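Residue numbers (the entry's author numbering), protein chains in the order written: chain E, 781 to 897; chain D, 1131 to 1246.
Idealized CB from N, CA, C, for every residue including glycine.
Structure first, commentary second.
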Amino acid sequence: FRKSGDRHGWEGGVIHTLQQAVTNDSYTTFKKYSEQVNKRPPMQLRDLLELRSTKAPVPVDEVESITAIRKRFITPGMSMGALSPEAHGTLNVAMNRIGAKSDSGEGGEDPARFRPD
Amino acid sequence: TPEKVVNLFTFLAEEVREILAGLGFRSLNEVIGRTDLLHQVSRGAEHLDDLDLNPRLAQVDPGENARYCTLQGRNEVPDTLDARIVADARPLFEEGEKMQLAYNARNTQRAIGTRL
């Protein structure tokens, strides 16, 4: 990334805002993050699309629960060779806590971690 | 001594058996609610108390239902949010691992987190 060069997906302000929102656990800062990401000039194909429905809006409290949605995400594979054992372990613990799935990637796995703490 | 209480309850039950046999029935179910088997007698013609126990001897007719409880189990109640939680926190009861859940609460949801 340089000032004179092209534009990139991950700039400094975006990273800092995301890390702040995730460290303090404040949803308003994540909304600031999303506003700052979804307002740049079109950089990908999915920026030229527009969502336009015709039904009437509904209250938010009637939408399917959070956990039923969080169980639809995962973390892709990242081998223990590339990542540190610390980060691999933290990912595997954080994903097993919300009910979702994590990944092991290539490079096997430590057998001693086949049991809970 | 517990034997004393057991003997007391045994004698009390045998007396009821004797009385039921003397009347002509074979079960306490056949006698529950049958008010017509009770009559009022006065103490005599020297006390002159006008007590009329008929208000308690009145026999309302039940209809097509019986005169006692004819159902098993408790009266069930509608299911609260906790049911859904029990559907989700299964690794906690099967393995014993930390979990973390998020939902939406509404004022029409009572006893949030009691069945768990």
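| Which residue's Cα is closest to the Cα of residue 786 of chain E: E:815, E:823, E:856? | Nearest of E:815, E:823, E:856 to residue 786 of chain E, Cα basis: E:823.
| Does the beta carbon of residue 1212 of chain D come closer than 7 Å to any beta carbon on chain E? | No, no contact with chain E.
| field | Rounded separation between residue 850 of chain E and residue 880 of chain E - CA only | value | Residue 850 of chain E and residue 880 of chain E: Cα-Cα distance of roughly 7 Å.
| request: Could you name the residues of the same chain whose beta carbon sits closer than 7 Å to that of residue 1189 of chain D, not counting the 5 residues immediately before and after it, in chain order? | output: Result list for residue 1189 of chain D: 1165, 1166, in chain order.
| request: Quick one: give me the first and last residue of the alpha helix (DSSP H) that residue 1151 of chain D is part of. | output: Residues 1132-1153.
| task | Would you mind giving the Cβ-Cβ distance between residue 1231 of chain D and residue 1215 of chain D, rounded to the nearest angstrom? I have them listed as a contact below 8 Å. | result | That belief holds up - the Cβ atoms of residue 1231 of chain D and residue 1215 of chain D are roughly 7 Å apart, short of 8 Å.
| task | Measure the alpha-carbon distance for residue 1161 of chain D versus residue 1180 of chain D and round it to whole angstroms. | result | Computed Cα separation, rounded: 29 Å.
| What residue range is occupied by the uninterrupted alpha helix (DSSP H) comprising residue 1186 of chain D? | In the DSSP assignment, residue 1186 of chain D falls within the alpha helix (DSSP H) that extends over 1184-1187.
| task | Under 9 Å between beta-carbons, which chain E residues line up against residue 1189 of chain D? List them in chain order, please. | result | Those within 9 Å of residue 1189 of chain D in chain E number zero; the least Cβ separation is about 54 Å.
| said: Just to confirm my understanding: we take residue 801 of chain E, look at its own chain, exclude 5 residues before and 5 after, and list those with CB closer than 6 Å. What are they? | reply: These residues qualify, in order along the chain: 809, 810, 813.
| request: Below 8 Å CB to CB, which residues in the same chain sit around residue 1241 of chain D once its five sequence neighbours on both sides are set aside? | output: The answer, listed in chain order, is 1210, 1212.
| Given residue 796 of chain E as reference, the closest of E:782, E:877, E:784, E:816 once Cα atoms are compared | Minimum Cα distance to residue 796 of chain E is reached at E:816.
| Would you say residue 1193 of chain D touches the ligand NAP, meaning its beta carbon is less than 6 Å from a heavy atom? | Among the components of this structure there are no ligands whatsoever, and the ligand NAP is therefore not found.
| request: Take the Cβ of residue 1244 of chain D as the centre, count every other Cβ of all protein chains shown within 10 Å, and call the residue buried at 16 or more, exposed below. | output: Label assigned to residue 1244 of chain D: exposed.
| query | In whole angstroms, what is the alpha-carbon distance linking residue 1239 of chain D and residue 1203 of chain D? | reply | Spanning the two alpha carbons is a distance of roughly 25 Å.
| Is DSSP giving residue 854 of chain E helix, strand or coil here? | Three-state DSSP puts residue 854 of chain E in a strand.
| request: Return the CA-CA distance between residue 784 of chain E and residue 897 of chain E, expressed in angstroms with no decimal places. | output: Between residue 784 of chain E and residue 897 of chain E, the C-alpha separation is close to 51 Å.
| task | For the segment 872-892 of chain E and the segment 845-859 of chain E, state whether three or more C-beta atom pairs, one from each stretch, are separated by less than 8 Å. | result | Yes, they touch.
| request: Note down the Cα distance separating residue 1153 of chain D from residue 1208 of chain D, rounded to an integer number of angstroms. | output: Rounded to the nearest whole angstrom, the C-alpha separation of residue 1153 of chain D and residue 1208 of chain D is 45 Å.
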